[PDB]
Amino acid sequence: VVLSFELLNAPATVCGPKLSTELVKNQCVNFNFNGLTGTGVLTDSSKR
Amino acid sequence: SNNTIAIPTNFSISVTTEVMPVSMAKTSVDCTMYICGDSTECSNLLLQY
Ligand SMILES: *[C@@H]1O[C@H](CO)[C@@H](O[C@@H]2O[C@H](CO)[C@@H](O)[C@H](O)[C@H]2NC(C)=O)[C@H](O)[C@H]1NC(C)=O
C-alpha cells in the first residue's frame, strides 16, 4: 500500500493518535494544532 | 575686448536652501529571534555557528 499525503491549509481529515490538552492562553507555551506545532503566546483574535 | 570691463551697478541679497542628511535610523537585530524564532531546537543548532 502506498499512502500519499497532503498537508494543506485545509481541514484535517486524518490525524495521529495524540491526546489533546486544554488551551493555555496568555502564557508562552509549546503548542500543536493539527500537527502544526510551534512555541508562542496564544490569545483570542479578531481575525476573519 | 582687451580694454573694457563690466562692473556690477547693483546687487541682490539671495537666500539659498541646502539640505543635508546627518543621521539614519538606528537599527537593532535580535539575530537569534530573526533566525530561529522561538524554537529551542534551532537555537541549539545556531550555537554551532
Ligand atoms: C537695484 O535695483 C532695485 C530694483 O531692482 C532698486 O530698487 C528700486 O529703487 C527705486 C529708486 O530708489 C525705487 O523706486 C524702487 O521702488 C526700488 N525697487 C525695489 C524693489 O526696491 C535699487 O535702488 C537698486 N540698487 C542700487 C544701489 O541702485
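Conventions we followed
Residues numbered from 1 in each chain as written, not as in the entry; some residues may be left out. Chains lettered and ligands numbered in written order. Part of a larger assembly, values for the part shown. Heavy atoms only, no water. Helix = DSSP H or I, 4+ residues; strand = E, 2+ residues; numbered from the N terminus. Buried < 20%, exposed > 50% of the residue type's maximum accessible area, 1.4 Å probe, protein only. Disulfide = S-S within 2.5 Å. UniProt positions renumbered as here; feature names shortened; annotations may be inferred. Salt bridge = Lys/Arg side-chain N within 4 Å of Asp/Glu carboxyl O. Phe/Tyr/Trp six-rings, centres within 6.5 Å; stacked < 30°, edge-to-face > 60°. Pairing = 2+ DSSP bridges.

For this entry, the PDB record names cryo-EM as the structure determination method and reports a resolution of 2.77 Å.

Things to note about the overall build of chain A
Within chain A one finds zero helices and two strands. In terms of overall dimensions, chain A has C-alpha extents of about 45 × 25 × 15 Å along its principal axes. Expressed as a percentage of the 48 residues in chain A, the buried residues total 6%.

Some words on unusual backbone geometry
Residue and element names in this part refer to chain A. With a phi angle near 60°, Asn26 is a residue other than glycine that sits in the positive phi range. Secondary-structure assignment places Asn26 in the segment before strand 1 (28-33). Here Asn26 falls in the exposed class, since its relative accessible area comes to 61%. Within the chain, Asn34 stands out as a residue other than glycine whose phi angle is a positive 50°.

Description of the UniProt feature "disulfide bond" in chain B
A sulfur gap of 3.3 Å between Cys36 of chain B and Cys42 of chain B means the disulfide that UniProt records is absent from these coordinates. Residue placement: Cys42 of chain B occurs in helix 2 (residues 40-47).

Section: the pattern of salt bridges
Residues and elements named next belong to chain A. If you walk through the whole model with that rule in mind, you get one salt bridge over all chains. A salt bridge links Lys25 to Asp44; its shortest N-O distance comes to 2.5 Å. In this pair, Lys25 sits in the segment before strand 1 while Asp44 sits in the segment after strand 2 (36-41), placing the two residues 19 residues apart along the sequence. Residue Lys25 is classed as partly exposed on the basis of its relative accessible area, which comes to 36%.

Observations concerning the packing of aromatic side chains
The full count for this structure, using the stated rule, is one aromatic pair over all chains. Judged by centre distance (5.7 Å) and plane angle (55°), the rings of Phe31 of chain A and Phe33 of chain A are tilted.

Quick notes on the pairing of strand 1 of chain A
Residue and element names in this part refer to chain A. Two elements, strand 1 and strand 2, share six bridges in a ladder whose sense is antiparallel. What sits directly across from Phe33, in strand 2, is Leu36. Between strand 1 and strand 2, which pair antiparallel one after the other, the connecting turn spans two residues, and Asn34 there sits at a positive phi close to 50°.

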